[PDB]
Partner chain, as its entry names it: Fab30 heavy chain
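Only one chain is given next, in structure tokens, and it is the form solved without the partner chain.
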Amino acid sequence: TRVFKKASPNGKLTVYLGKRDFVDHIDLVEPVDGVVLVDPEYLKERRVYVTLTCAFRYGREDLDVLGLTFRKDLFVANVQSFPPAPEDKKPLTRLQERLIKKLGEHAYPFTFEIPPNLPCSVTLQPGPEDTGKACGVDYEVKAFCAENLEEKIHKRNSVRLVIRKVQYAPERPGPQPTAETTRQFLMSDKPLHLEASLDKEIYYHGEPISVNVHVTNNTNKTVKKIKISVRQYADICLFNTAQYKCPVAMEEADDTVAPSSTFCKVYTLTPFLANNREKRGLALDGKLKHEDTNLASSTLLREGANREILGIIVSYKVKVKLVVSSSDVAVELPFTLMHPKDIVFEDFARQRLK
């Protein structure tokens, strides 16, 4: 197997994790299981704690910073760790029993169970014009040394790392998302009928989207060209609320539809951060520099669910538009963008770009 690890500035403490991206379904959220490597001597009476903070921050770009003008803690989990507290139990995973057996007796576990209805790692990077500042929800994991819970943590024998809560939806049976609209122009009842659909409801980053477009032109006019697009919507709903709208895929085609005839065709679009990096105003599931970052996924939410608490709500839509020679006639279908998915330690730091 493969495990990521990071040590405190003074290599006296070291965290070990088997993933840096935890996949949350709807039912459950993959458990966050790891272990710390301690120096019992180096710390007399001092202890080892590990906590999991989940918070929304606005201003600078990473929670652990001193330039953000707003912050709301959405979750906190503290754990007693070096001094094994019989109180604070666990069964123990098996990347653990394994790990502990390769690190020794100074190896200590910890486990976090992230509630299911918490927002997932989403980051929105405002661009050049946009008057808003950066913001996002991050999951900080920290293991530090101290006597009491309260003494003062020091950026030295302490370690922090951002993990990620990524959303996975399985794709059900259901009907393909459809949309249609009829249009009658001035001086005539002859209609121009538009109707589109997507091959499915759920897609994953990198996965192509097929759009079945059908056009029934009873009109005496002509459809010059057709434009297909995929747009993202990001609603920052906490400190300073605002709504960002941004196209992540377009595909205009000079397809013609003559008077009194029926048209038909299948278009293929691919929303991607790569062909959008540049762009800014959109929501991502991480930082840009970080390779391994995608477009923010669709914020799932429920009945009687608190929207503000989610931080940034993200959604996608496919828009079909006919330019009729005007008032183009158009429809839009909504879809859900989701996430896919001998030891030998490896750094934790996320791989970079170019």
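Positions refer to the first chain, counted from 1.
Quick note: we don't show the form deposited with the partner chain bound, though the next part is all about it.
Chemist: Give a yes or no on whether each residue among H205, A274 and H339 has a heavy atom within 4.5 Å of the partner chain in the entry with it bound.
Modeler: Heavy-atom distance to the partner chain in the entry with it bound: all three under 4.5 Å.
Chemist: Which one of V48, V324, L310, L295 is close to the partner chain in the entry with it bound, taking close to mean a heavy atom within 4.5 Å?
Modeler: In short, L295.
Chemist: Taking 4.5 angstroms as the heavy atom distance cut-off, pick the stretch from 254-262, 211-219, 191-199, 274-282 that is near the partner chain in the entry with it bound.
Modeler: Comparing against the partner chain in the entry with it bound, the contact stretch is 274-282.
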